[PDB]
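Asks: One file: final.cif (mmCIF, N, CA and C atoms).
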data_entry
loop_
_atom_site.label_atom_id
_atom_site.label_comp_id
_atom_site.auth_asym_id
_atom_site.auth_seq_id
_atom_site.Cartn_x
_atom_site.Cartn_y
_atom_site.Cartn_z
N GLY K 1 -51.51 185.61 -6.37
CA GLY K 1 -52.11 184.31 -6.60
C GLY K 1 -53.02 183.92 -5.44
N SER K 2 -54.18 183.36 -5.79
CA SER K 2 -55.14 182.94 -4.79
C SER K 2 -55.99 181.79 -5.34
N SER K 3 -56.64 182.07 -6.46
CA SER K 3 -57.49 181.07 -7.09
C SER K 3 -58.65 180.71 -6.16
N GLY K 4 -59.85 180.71 -6.73
CA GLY K 4 -61.04 180.39 -5.97
C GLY K 4 -62.27 180.30 -6.88
N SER K 5 -62.71 179.07 -7.12
CA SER K 5 -63.86 178.84 -7.97
C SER K 5 -64.70 177.68 -7.41
N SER K 6 -65.98 177.71 -7.74
CA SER K 6 -66.89 176.68 -7.28
C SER K 6 -66.55 175.34 -7.95
N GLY K 7 -66.59 175.35 -9.27
CA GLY K 7 -66.29 174.16 -10.04
C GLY K 7 -64.99 173.51 -9.56
N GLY K 8 -63.89 174.00 -10.12
CA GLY K 8 -62.58 173.48 -9.76
C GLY K 8 -62.40 172.04 -10.26
N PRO K 9 -62.32 171.91 -11.61
CA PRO K 9 -62.15 170.61 -12.23
C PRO K 9 -60.72 170.10 -12.06
N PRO K 10 -60.51 168.82 -12.46
CA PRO K 10 -59.19 168.21 -12.35
C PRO K 10 -58.26 168.74 -13.44
N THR K 11 -57.77 169.95 -13.22
CA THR K 11 -56.87 170.58 -14.17
C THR K 11 -55.41 170.32 -13.78
N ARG K 12 -54.56 170.25 -14.79
CA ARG K 12 -53.15 170.01 -14.56
C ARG K 12 -52.32 171.18 -15.08
N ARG K 13 -52.13 172.16 -14.20
CA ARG K 13 -51.36 173.34 -14.56
C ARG K 13 -49.99 172.94 -15.09
N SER K 14 -49.54 171.77 -14.67
CA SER K 14 -48.25 171.26 -15.10
C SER K 14 -48.33 169.74 -15.29
N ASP K 15 -47.23 169.18 -15.79
CA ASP K 15 -47.16 167.75 -16.02
C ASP K 15 -46.28 167.11 -14.95
N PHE K 16 -45.19 167.79 -14.64
CA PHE K 16 -44.26 167.29 -13.64
C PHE K 16 -44.81 167.50 -12.23
N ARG K 17 -45.26 166.41 -11.64
CA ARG K 17 -45.82 166.46 -10.29
C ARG K 17 -45.14 165.42 -9.40
N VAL K 18 -45.54 165.41 -8.14
CA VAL K 18 -44.98 164.48 -7.18
C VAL K 18 -46.10 163.94 -6.29
N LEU K 19 -46.22 162.62 -6.28
CA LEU K 19 -47.24 161.96 -5.48
C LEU K 19 -46.74 161.80 -4.05
N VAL K 20 -47.54 162.28 -3.11
CA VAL K 20 -47.18 162.20 -1.70
C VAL K 20 -48.17 161.27 -0.99
N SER K 21 -47.61 160.30 -0.27
CA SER K 21 -48.43 159.35 0.46
C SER K 21 -47.85 159.14 1.86
N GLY K 22 -48.75 158.87 2.80
CA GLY K 22 -48.35 158.65 4.18
C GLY K 22 -48.46 159.94 5.00
N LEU K 23 -49.42 160.77 4.61
CA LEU K 23 -49.64 162.03 5.30
C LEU K 23 -50.38 161.76 6.61
N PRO K 24 -50.24 162.73 7.56
CA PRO K 24 -50.88 162.61 8.85
C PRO K 24 -52.38 162.89 8.74
N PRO K 25 -53.11 162.59 9.85
CA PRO K 25 -54.55 162.81 9.89
C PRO K 25 -54.87 164.30 10.04
N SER K 26 -53.85 165.06 10.39
CA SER K 26 -54.02 166.49 10.57
C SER K 26 -53.26 167.25 9.47
N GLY K 27 -52.45 166.50 8.73
CA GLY K 27 -51.67 167.08 7.65
C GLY K 27 -52.56 167.88 6.70
N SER K 28 -51.98 168.93 6.14
CA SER K 28 -52.71 169.79 5.21
C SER K 28 -51.92 169.94 3.92
N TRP K 29 -52.47 170.74 3.01
CA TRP K 29 -51.83 170.99 1.73
C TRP K 29 -50.96 172.23 1.87
N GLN K 30 -51.40 173.14 2.73
CA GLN K 30 -50.67 174.37 2.97
C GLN K 30 -49.24 174.07 3.42
N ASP K 31 -49.14 173.44 4.58
CA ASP K 31 -47.84 173.09 5.13
C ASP K 31 -47.12 172.16 4.15
N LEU K 32 -47.87 171.21 3.62
CA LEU K 32 -47.31 170.25 2.67
C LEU K 32 -46.60 171.01 1.55
N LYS K 33 -47.32 171.96 0.97
CA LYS K 33 -46.77 172.76 -0.11
C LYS K 33 -45.47 173.43 0.36
N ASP K 34 -45.62 174.27 1.38
CA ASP K 34 -44.47 174.98 1.93
C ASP K 34 -43.28 174.02 2.02
N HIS K 35 -43.60 172.74 2.17
CA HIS K 35 -42.57 171.72 2.27
C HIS K 35 -42.12 171.31 0.87
N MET K 36 -43.08 170.78 0.11
CA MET K 36 -42.80 170.33 -1.24
C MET K 36 -42.08 171.43 -2.04
N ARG K 37 -42.52 172.66 -1.82
CA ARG K 37 -41.94 173.80 -2.51
C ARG K 37 -40.41 173.68 -2.52
N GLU K 38 -39.90 172.95 -1.54
CA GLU K 38 -38.46 172.76 -1.43
C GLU K 38 -37.82 172.76 -2.81
N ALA K 39 -38.50 172.12 -3.75
CA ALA K 39 -38.00 172.04 -5.11
C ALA K 39 -37.97 173.44 -5.72
N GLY K 40 -39.13 173.87 -6.20
CA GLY K 40 -39.25 175.18 -6.81
C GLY K 40 -40.58 175.84 -6.44
N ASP K 41 -41.37 176.12 -7.47
CA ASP K 41 -42.67 176.74 -7.27
C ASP K 41 -43.77 175.70 -7.50
N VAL K 42 -44.73 175.70 -6.59
CA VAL K 42 -45.84 174.76 -6.68
C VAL K 42 -47.06 175.49 -7.26
N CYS K 43 -47.51 174.99 -8.40
CA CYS K 43 -48.66 175.58 -9.07
C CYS K 43 -49.92 174.84 -8.60
N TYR K 44 -49.71 173.60 -8.17
CA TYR K 44 -50.81 172.78 -7.69
C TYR K 44 -50.47 172.14 -6.34
N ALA K 45 -51.45 172.17 -5.45
CA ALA K 45 -51.27 171.60 -4.12
C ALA K 45 -52.62 171.14 -3.58
N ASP K 46 -52.77 169.83 -3.46
CA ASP K 46 -54.00 169.25 -2.96
C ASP K 46 -53.67 168.09 -2.02
N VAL K 47 -54.59 167.85 -1.09
CA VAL K 47 -54.41 166.77 -0.13
C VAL K 47 -55.75 166.09 0.12
N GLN K 48 -55.69 164.78 0.31
CA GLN K 48 -56.89 164.00 0.56
C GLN K 48 -56.75 163.21 1.86
N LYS K 49 -57.86 162.62 2.29
CA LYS K 49 -57.87 161.84 3.51
C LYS K 49 -56.90 160.66 3.36
N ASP K 50 -56.95 159.77 4.34
CA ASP K 50 -56.08 158.60 4.33
C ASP K 50 -54.65 159.03 4.66
N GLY K 51 -54.12 159.91 3.82
CA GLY K 51 -52.77 160.40 4.00
C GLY K 51 -52.05 160.54 2.66
N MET K 52 -52.76 161.12 1.70
CA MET K 52 -52.20 161.32 0.37
C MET K 52 -52.18 162.80 0.01
N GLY K 53 -51.35 163.12 -0.98
CA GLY K 53 -51.22 164.50 -1.43
C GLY K 53 -50.75 164.55 -2.89
N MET K 54 -50.74 165.77 -3.42
CA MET K 54 -50.32 165.97 -4.80
C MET K 54 -49.81 167.39 -5.01
N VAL K 55 -48.67 167.48 -5.68
CA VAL K 55 -48.06 168.78 -5.95
C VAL K 55 -47.50 168.78 -7.37
N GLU K 56 -47.66 169.92 -8.03
CA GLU K 56 -47.18 170.07 -9.40
C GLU K 56 -46.18 171.22 -9.48
N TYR K 57 -45.08 170.96 -10.18
CA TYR K 57 -44.05 171.97 -10.35
C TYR K 57 -44.09 172.57 -11.75
N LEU K 58 -43.35 173.66 -11.92
CA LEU K 58 -43.29 174.34 -13.21
C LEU K 58 -42.06 173.86 -13.98
N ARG K 59 -41.13 173.27 -13.24
CA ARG K 59 -39.91 172.77 -13.84
C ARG K 59 -39.76 171.27 -13.57
N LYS K 60 -39.18 170.58 -14.55
CA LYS K 60 -38.98 169.15 -14.43
C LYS K 60 -38.02 168.87 -13.27
N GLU K 61 -36.86 169.50 -13.34
CA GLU K 61 -35.85 169.33 -12.30
C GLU K 61 -36.50 169.37 -10.92
N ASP K 62 -37.29 170.41 -10.70
CA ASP K 62 -37.97 170.57 -9.43
C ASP K 62 -38.57 169.23 -8.99
N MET K 63 -39.31 168.63 -9.91
CA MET K 63 -39.94 167.34 -9.63
C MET K 63 -38.91 166.33 -9.11
N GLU K 64 -37.99 165.96 -9.98
CA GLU K 64 -36.96 165.01 -9.62
C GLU K 64 -36.22 165.47 -8.36
N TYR K 65 -35.87 166.75 -8.36
CA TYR K 65 -35.16 167.33 -7.23
C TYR K 65 -35.88 167.00 -5.92
N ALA K 66 -37.07 167.55 -5.78
CA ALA K 66 -37.87 167.33 -4.58
C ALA K 66 -38.09 165.83 -4.40
N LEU K 67 -38.30 165.15 -5.51
CA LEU K 67 -38.52 163.71 -5.49
C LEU K 67 -37.42 163.04 -4.67
N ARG K 68 -36.19 163.26 -5.11
CA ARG K 68 -35.04 162.68 -4.42
C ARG K 68 -34.80 163.40 -3.10
N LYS K 69 -34.42 164.67 -3.21
CA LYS K 69 -34.15 165.47 -2.03
C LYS K 69 -35.12 165.08 -0.92
N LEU K 70 -36.40 165.26 -1.19
CA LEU K 70 -37.43 164.93 -0.23
C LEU K 70 -37.45 163.42 -0.01
N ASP K 71 -37.74 162.70 -1.08
CA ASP K 71 -37.79 161.25 -1.02
C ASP K 71 -37.92 160.81 0.44
N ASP K 72 -39.17 160.72 0.89
CA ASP K 72 -39.44 160.31 2.26
C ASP K 72 -38.87 161.36 3.22
N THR K 73 -39.78 162.12 3.81
CA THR K 73 -39.38 163.16 4.75
C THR K 73 -40.35 163.21 5.93
N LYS K 74 -39.97 163.98 6.94
CA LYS K 74 -40.80 164.13 8.12
C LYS K 74 -41.65 165.39 7.99
N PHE K 75 -42.90 165.18 7.60
CA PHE K 75 -43.83 166.29 7.43
C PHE K 75 -44.57 166.58 8.73
N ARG K 76 -44.56 167.85 9.11
CA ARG K 76 -45.23 168.27 10.33
C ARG K 76 -46.60 168.87 10.00
N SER K 77 -47.63 168.26 10.58
CA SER K 77 -48.99 168.72 10.36
C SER K 77 -49.23 170.03 11.10
N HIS K 78 -50.44 170.55 10.94
CA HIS K 78 -50.80 171.80 11.59
C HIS K 78 -51.14 171.54 13.06
N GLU K 79 -51.18 170.26 13.40
CA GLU K 79 -51.49 169.86 14.77
C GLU K 79 -50.21 169.43 15.50
N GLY K 80 -49.08 169.74 14.88
CA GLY K 80 -47.80 169.39 15.46
C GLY K 80 -47.36 167.99 15.03
N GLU K 81 -48.33 167.08 15.03
CA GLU K 81 -48.07 165.70 14.65
C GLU K 81 -47.18 165.66 13.41
N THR K 82 -46.63 164.48 13.15
CA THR K 82 -45.76 164.29 12.00
C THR K 82 -46.01 162.92 11.37
N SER K 83 -45.50 162.76 10.16
CA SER K 83 -45.65 161.51 9.43
C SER K 83 -44.63 161.43 8.30
N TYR K 84 -44.30 160.20 7.93
CA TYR K 84 -43.34 159.97 6.87
C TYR K 84 -44.03 159.91 5.51
N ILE K 85 -43.85 160.96 4.73
CA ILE K 85 -44.45 161.04 3.41
C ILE K 85 -43.37 160.82 2.35
N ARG K 86 -43.65 159.91 1.43
CA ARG K 86 -42.72 159.60 0.36
C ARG K 86 -42.99 160.49 -0.85
N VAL K 87 -41.94 160.73 -1.62
CA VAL K 87 -42.05 161.55 -2.81
C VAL K 87 -41.69 160.72 -4.04
N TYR K 88 -42.69 160.49 -4.88
CA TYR K 88 -42.48 159.72 -6.09
C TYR K 88 -43.35 160.25 -7.23
N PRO K 89 -42.93 159.90 -8.48
CA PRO K 89 -43.65 160.34 -9.66
C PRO K 89 -44.95 159.55 -9.84
N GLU K 90 -45.69 159.91 -10.87
CA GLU K 90 -46.95 159.25 -11.16
C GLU K 90 -46.81 158.33 -12.37
N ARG K 91 -47.11 157.06 -12.14
CA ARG K 91 -47.01 156.06 -13.20
C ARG K 91 -48.37 155.41 -13.44
N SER K 92 -48.57 154.97 -14.67
CA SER K 92 -49.82 154.32 -15.04
C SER K 92 -49.76 153.86 -16.49
N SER K 93 -49.40 152.60 -16.67
CA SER K 93 -49.30 152.02 -18.00
C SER K 93 -48.67 153.03 -18.96
N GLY K 94 -47.36 153.13 -18.89
CA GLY K 94 -46.63 154.05 -19.74
C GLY K 94 -46.76 153.65 -21.21
N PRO K 95 -46.51 154.65 -22.10
CA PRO K 95 -46.59 154.41 -23.54
C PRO K 95 -45.38 153.62 -24.03
N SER K 96 -44.21 154.06 -23.61
CA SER K 96 -42.97 153.40 -24.00
C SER K 96 -42.67 153.69 -25.47
N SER K 97 -43.61 153.28 -26.32
CA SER K 97 -43.46 153.48 -27.75
C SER K 97 -44.82 153.40 -28.44
N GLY K 98 -45.09 154.39 -29.28
CA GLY K 98 -46.35 154.44 -30.00
C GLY K 98 -46.29 153.59 -31.27
#
Would you put the structure from the file into structure tokens?

Replies:
Amino acid sequence: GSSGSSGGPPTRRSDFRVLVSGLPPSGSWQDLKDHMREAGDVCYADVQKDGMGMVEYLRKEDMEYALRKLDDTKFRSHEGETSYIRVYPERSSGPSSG
């Protein structure tokens, strides 16, 4: 596995993901993943400025697992620095009932 394309659209290899916020200024997705992976296998791993991140699992449990297990952890950046990143699901006007 490597993946490498110019385009790189907003694809969702999975549905069960975990929103990470409160990342360091040096924090990366690599280390982040290696961390988030705590759950299971990460098919998606991205990080943005400010201090946010995103990881997608192949299993639901993994999500909840890492969600709780991790639920706010001490992430170490590639610069040694650290920061408290929370692990929570993604919400946005749920359907509830069609």

Asks: Evaluate the PyMOL selection byres (((chain K and resi 47-57 and name CA) around 6) and name CA) on the structure here and hand back the selected residues as a PyMOL selection string.

Replies: chain K and resi 14+16-24+29+41-46+58-59

Asks: Selected by the PyMOL selection byres ((chain K and resi 75) around 8) in the shown coordinates: which residues, as a PDB file with N, CA and C atoms, keeping the file's coordinate frame?

Replies:
ATOM      1  N   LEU K  23     -49.420 160.770   4.610  1.00  0.00           N
ATOM      2  CA  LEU K  23     -49.640 162.030   5.300  1.00  0.00           C
ATOM      3  C   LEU K  23     -50.380 161.760   6.610  1.00  0.00           C
ATOM      4  N   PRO K  24     -50.240 162.730   7.560  1.00  0.00           N
ATOM      5  CA  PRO K  24     -50.880 162.610   8.850  1.00  0.00           C
ATOM      6  C   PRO K  24     -52.380 162.890   8.740  1.00  0.00           C
ATOM      7  N   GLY K  27     -52.450 166.500   8.730  1.00  0.00           N
ATOM      8  CA  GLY K  27     -51.670 167.080   7.650  1.00  0.00           C
ATOM      9  C   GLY K  27     -52.560 167.880   6.700  1.00  0.00           C
ATOM     10  N   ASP K  31     -49.140 173.440   4.580  1.00  0.00           N
ATOM     11  CA  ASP K  31     -47.840 173.090   5.130  1.00  0.00           C
ATOM     12  C   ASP K  31     -47.120 172.160   4.150  1.00  0.00           C
ATOM     13  N   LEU K  32     -47.870 171.210   3.620  1.00  0.00           N
ATOM     14  CA  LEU K  32     -47.310 170.250   2.670  1.00  0.00           C
ATOM     15  C   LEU K  32     -46.600 171.010   1.550  1.00  0.00           C
ATOM     16  N   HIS K  35     -43.600 172.740   2.170  1.00  0.00           N
ATOM     17  CA  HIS K  35     -42.570 171.720   2.270  1.00  0.00           C
ATOM     18  C   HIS K  35     -42.120 171.310   0.870  1.00  0.00           C
ATOM     19  N   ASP K  72     -39.170 160.720   0.890  1.00  0.00           N
ATOM     20  CA  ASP K  72     -39.440 160.310   2.260  1.00  0.00           C
ATOM     21  C   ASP K  72     -38.870 161.360   3.220  1.00  0.00           C
ATOM     22  N   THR K  73     -39.780 162.120   3.810  1.00  0.00           N
ATOM     23  CA  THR K  73     -39.380 163.160   4.750  1.00  0.00           C
ATOM     24  C   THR K  73     -40.350 163.210   5.930  1.00  0.00           C
ATOM     25  N   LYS K  74     -39.970 163.980   6.940  1.00  0.00           N
ATOM     26  CA  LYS K  74     -40.800 164.130   8.120  1.00  0.00           C
ATOM     27  C   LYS K  74     -41.650 165.390   7.990  1.00  0.00           C
ATOM     28  N   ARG K  76     -44.560 167.850   9.110  1.00  0.00           N
ATOM     29  CA  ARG K  76     -45.230 168.270  10.330  1.00  0.00           C
ATOM     30  C   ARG K  76     -46.600 168.870  10.000  1.00  0.00           C
ATOM     31  N   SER K  77     -47.630 168.260  10.580  1.00  0.00           N
ATOM     32  CA  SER K  77     -48.990 168.720  10.360  1.00  0.00           C
ATOM     33  C   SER K  77     -49.230 170.030  11.100  1.00  0.00           C
ATOM     34  N   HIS K  78     -50.440 170.550  10.940  1.00  0.00           N
ATOM     35  CA  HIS K  78     -50.800 171.800  11.590  1.00  0.00           C
ATOM     36  C   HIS K  78     -51.140 171.540  13.060  1.00  0.00           C
ATOM     37  N   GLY K  80     -49.080 169.740  14.880  1.00  0.00           N
ATOM     38  CA  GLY K  80     -47.800 169.390  15.460  1.00  0.00           C
ATOM     39  C   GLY K  80     -47.360 167.990  15.030  1.00  0.00           C
ATOM     40  N   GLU K  81     -48.330 167.080  15.030  1.00  0.00           N
ATOM     41  CA  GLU K  81     -48.070 165.700  14.650  1.00  0.00           C
ATOM     42  C   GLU K  81     -47.180 165.660  13.410  1.00  0.00           C
ATOM     43  N   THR K  82     -46.630 164.480  13.150  1.00  0.00           N
ATOM     44  CA  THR K  82     -45.760 164.290  12.000  1.00  0.00           C
ATOM     45  C   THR K  82     -46.010 162.920  11.370  1.00  0.00           C
ATOM     46  N   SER K  83     -45.500 162.760  10.160  1.00  0.00           N
ATOM     47  CA  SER K  83     -45.650 161.510   9.430  1.00  0.00           C
ATOM     48  C   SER K  83     -44.630 161.430   8.300  1.00  0.00           C
ATOM     49  N   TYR K  84     -44.300 160.200   7.930  1.00  0.00           N
ATOM     50  CA  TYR K  84     -43.340 159.970   6.870  1.00  0.00           C
ATOM     51  C   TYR K  84     -44.030 159.910   5.510  1.00  0.00           C
ATOM     52  N   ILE K  85     -43.850 160.960   4.730  1.00  0.00           N
ATOM     53  CA  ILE K  85     -44.450 161.040   3.410  1.00  0.00           C
ATOM     54  C   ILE K  85     -43.370 160.820   2.350  1.00  0.00           C
TER      55      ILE K  85
END

Asks: Any idea what the distance is between atom N of residue 13 of chain K and atom N of residue 1 of chain K?

Replies: 15.6 Å

Asks: One decimal, in Å: what's the spacing between atom CA of residue 2 of chain K and atom CA of residue 68 of chain K?

Replies: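 Computing it gives 28.5 Å between the two atoms.
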
Asks: Would you compute the distance between atom N of residue 65 of chain K and atom N of residue 25 of chain K? Give it in Å to one decimal.

Replies: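 These atoms are spaced 25.4 Å apart.
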
Asks: In chain K, what's helix (DSSP H, G or I) per DSSP? Answer as a list in words?

Replies: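 Helix (DSSP H, G or I) members of chain K, listed: residues 29, 30, 31, 32, 33, 34, 35, 36, 60, 61, 62, 63, 64, 65, 66, 67, 68, 69 and 70 of chain K.
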
Asks: Selected residues, N, CA and C atoms, written as a PDB file, in the coordinates of the input, please.

Replies:
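Done, and the output landed in result.pdb:
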ATOM      1  N   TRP K  29     -52.470 170.740   3.010  1.00  0.00           N
ATOM      2  CA  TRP K  29     -51.830 170.990   1.730  1.00  0.00           C
ATOM      3  C   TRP K  29     -50.960 172.230   1.870  1.00  0.00           C
ATOM      4  N   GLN K  30     -51.400 173.140   2.730  1.00  0.00           N
ATOM      5  CA  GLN K  30     -50.670 174.370   2.970  1.00  0.00           C
ATOM      6  C   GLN K  30     -49.240 174.070   3.420  1.00  0.00           C
ATOM      7  N   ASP K  31     -49.140 173.440   4.580  1.00  0.00           N
ATOM      8  CA  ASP K  31     -47.840 173.090   5.130  1.00  0.00           C
ATOM      9  C   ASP K  31     -47.120 172.160   4.150  1.00  0.00           C
ATOM     10  N   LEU K  32     -47.870 171.210   3.620  1.00  0.00           N
ATOM     11  CA  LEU K  32     -47.310 170.250   2.670  1.00  0.00           C
ATOM     12  C   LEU K  32     -46.600 171.010   1.550  1.00  0.00           C
ATOM     13  N   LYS K  33     -47.320 171.960   0.970  1.00  0.00           N
ATOM     14  CA  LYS K  33     -46.770 172.760  -0.110  1.00  0.00           C
ATOM     15  C   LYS K  33     -45.470 173.430   0.360  1.00  0.00           C
ATOM     16  N   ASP K  34     -45.620 174.270   1.380  1.00  0.00           N
ATOM     17  CA  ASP K  34     -44.470 174.980   1.930  1.00  0.00           C
ATOM     18  C   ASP K  34     -43.280 174.020   2.020  1.00  0.00           C
ATOM     19  N   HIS K  35     -43.600 172.740   2.170  1.00  0.00           N
ATOM     20  CA  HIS K  35     -42.570 171.720   2.270  1.00  0.00           C
ATOM     21  C   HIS K  35     -42.120 171.310   0.870  1.00  0.00           C
ATOM     22  N   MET K  36     -43.080 170.780   0.110  1.00  0.00           N
ATOM     23  CA  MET K  36     -42.800 170.330  -1.240  1.00  0.00           C
ATOM     24  C   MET K  36     -42.080 171.430  -2.040  1.00  0.00           C
ATOM     25  N   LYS K  60     -39.180 170.580 -14.550  1.00  0.00           N
ATOM     26  CA  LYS K  60     -38.980 169.150 -14.430  1.00  0.00           C
ATOM     27  C   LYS K  60     -38.020 168.870 -13.270  1.00  0.00           C
ATOM     28  N   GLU K  61     -36.860 169.500 -13.340  1.00  0.00           N
ATOM     29  CA  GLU K  61     -35.850 169.330 -12.300  1.00  0.00           C
ATOM     30  C   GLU K  61     -36.500 169.370 -10.920  1.00  0.00           C
ATOM     31  N   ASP K  62     -37.290 170.410 -10.700  1.00  0.00           N
ATOM     32  CA  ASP K  62     -37.970 170.570  -9.430  1.00  0.00           C
ATOM     33  C   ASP K  62     -38.570 169.230  -8.990  1.00  0.00           C
ATOM     34  N   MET K  63     -39.310 168.630  -9.910  1.00  0.00           N
ATOM     35  CA  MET K  63     -39.940 167.340  -9.630  1.00  0.00           C
ATOM     36  C   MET K  63     -38.910 166.330  -9.110  1.00  0.00           C
ATOM     37  N   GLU K  64     -37.990 165.960  -9.980  1.00  0.00           N
ATOM     38  CA  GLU K  64     -36.960 165.010  -9.620  1.00  0.00           C
ATOM     39  C   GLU K  64     -36.220 165.470  -8.360  1.00  0.00           C
ATOM     40  N   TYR K  65     -35.870 166.750  -8.360  1.00  0.00           N
ATOM     41  CA  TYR K  65     -35.160 167.330  -7.230  1.00  0.00           C
ATOM     42  C   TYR K  65     -35.880 167.000  -5.920  1.00  0.00           C
ATOM     43  N   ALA K  66     -37.070 167.550  -5.780  1.00  0.00           N
ATOM     44  CA  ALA K  66     -37.870 167.330  -4.580  1.00  0.00           C
ATOM     45  C   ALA K  66     -38.090 165.830  -4.400  1.00  0.00           C
ATOM     46  N   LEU K  67     -38.300 165.150  -5.510  1.00  0.00           N
ATOM     47  CA  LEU K  67     -38.520 163.710  -5.490  1.00  0.00           C
ATOM     48  C   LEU K  67     -37.420 163.040  -4.670  1.00  0.00           C
ATOM     49  N   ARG K  68     -36.190 163.260  -5.110  1.00  0.00           N
ATOM     50  CA  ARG K  68     -35.040 162.680  -4.420  1.00  0.00           C
ATOM     51  C   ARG K  68     -34.800 163.400  -3.100  1.00  0.00           C
ATOM     52  N   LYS K  69     -34.420 164.670  -3.210  1.00  0.00           N
ATOM     53  CA  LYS K  69     -34.150 165.470  -2.030  1.00  0.00           C
ATOM     54  C   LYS K  69     -35.120 165.080  -0.920  1.00  0.00           C
ATOM     55  N   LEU K  70     -36.400 165.260  -1.190  1.00  0.00           N
ATOM     56  CA  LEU K  70     -37.430 164.930  -0.230  1.00  0.00           C
ATOM     57  C   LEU K  70     -37.450 163.420  -0.010  1.00  0.00           C
TER      58      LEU K  70
END

Asks: Name the residues that the PyMOL selection byres ((chain K and resi 66) around 8) pulls out of this structure, and write them as a VMD selection string.

Replies: chain K and resid 18 35 to 40 60 to 65 67 to 72 87 to 88

Asks: Would you put the residues from that selection into a file with N, CA and C atoms, as a tab-separated table (two decimals), in the frame of the given file?

Replies:
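In the end it all went to out_21.tsv:
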chain	number	residue	atom	x	y	z
K	18	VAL	N	-45.54	165.41	-8.14
K	18	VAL	CA	-44.98	164.48	-7.18
K	18	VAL	C	-46.10	163.94	-6.29
K	35	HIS	N	-43.60	172.74	2.17
K	35	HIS	CA	-42.57	171.72	2.27
K	35	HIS	C	-42.12	171.31	0.87
K	36	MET	N	-43.08	170.78	0.11
K	36	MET	CA	-42.80	170.33	-1.24
K	36	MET	C	-42.08	171.43	-2.04
K	37	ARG	N	-42.52	172.66	-1.82
K	37	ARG	CA	-41.94	173.80	-2.51
K	37	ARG	C	-40.41	173.68	-2.52
K	38	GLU	N	-39.90	172.95	-1.54
K	38	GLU	CA	-38.46	172.76	-1.43
K	38	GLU	C	-37.82	172.76	-2.81
K	39	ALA	N	-38.50	172.12	-3.75
K	39	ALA	CA	-38.00	172.04	-5.11
K	39	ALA	C	-37.97	173.44	-5.72
K	40	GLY	N	-39.13	173.87	-6.20
K	40	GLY	CA	-39.25	175.18	-6.81
K	40	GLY	C	-40.58	175.84	-6.44
K	60	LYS	N	-39.18	170.58	-14.55
K	60	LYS	CA	-38.98	169.15	-14.43
K	60	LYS	C	-38.02	168.87	-13.27
K	61	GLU	N	-36.86	169.50	-13.34
K	61	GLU	CA	-35.85	169.33	-12.30
K	61	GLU	C	-36.50	169.37	-10.92
K	62	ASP	N	-37.29	170.41	-10.70
K	62	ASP	CA	-37.97	170.57	-9.43
K	62	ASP	C	-38.57	169.23	-8.99
K	63	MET	N	-39.31	168.63	-9.91
K	63	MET	CA	-39.94	167.34	-9.63
K	63	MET	C	-38.91	166.33	-9.11
K	64	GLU	N	-37.99	165.96	-9.98
K	64	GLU	CA	-36.96	165.01	-9.62
K	64	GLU	C	-36.22	165.47	-8.36
K	65	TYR	N	-35.87	166.75	-8.36
K	65	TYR	CA	-35.16	167.33	-7.23
K	65	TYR	C	-35.88	167.00	-5.92
K	67	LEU	N	-38.30	165.15	-5.51
K	67	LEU	CA	-38.52	163.71	-5.49
K	67	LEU	C	-37.42	163.04	-4.67
K	68	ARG	N	-36.19	163.26	-5.11
K	68	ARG	CA	-35.04	162.68	-4.42
K	68	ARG	C	-34.80	163.40	-3.10
K	69	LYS	N	-34.42	164.67	-3.21
K	69	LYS	CA	-34.15	165.47	-2.03
K	69	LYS	C	-35.12	165.08	-0.92
K	70	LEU	N	-36.40	165.26	-1.19
K	70	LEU	CA	-37.43	164.93	-0.23
K	70	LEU	C	-37.45	163.42	-0.01
K	71	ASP	N	-37.74	162.70	-1.08
K	71	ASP	CA	-37.79	161.25	-1.02
K	71	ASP	C	-37.92	160.81	0.44
K	72	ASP	N	-39.17	160.72	0.89
K	72	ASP	CA	-39.44	160.31	2.26
K	72	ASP	C	-38.87	161.36	3.22
K	87	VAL	N	-41.94	160.73	-1.62
K	87	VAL	CA	-42.05	161.55	-2.81
K	87	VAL	C	-41.69	160.72	-4.04
K	88	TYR	N	-42.69	160.49	-4.88
K	88	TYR	CA	-42.48	159.72	-6.09
K	88	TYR	C	-43.35	160.25	-7.23

Asks: Taking the DSSP assignment computed from this structure's backbone, write out as a list in words all residues of chain K that belong to strand (DSSP E).

Replies: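 So the strand (DSSP E) residues in chain K would be residues 17, 18, 19, 20, 21, 42, 43, 44, 45, 46, 47, 48, 52, 53, 54, 55, 56, 57, 73, 74, 75, 76, 82, 83, 84, 85, 86, 87 and 88 of chain K.
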
Asks: Measuring atom to atom with all atoms listed in the file, identify which of K:11, K:28, K:3, K:92 is nearest to residue 79 of chain K.

Replies: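 That would be K:28, the residue with the smallest distance to residue 79 of chain K.
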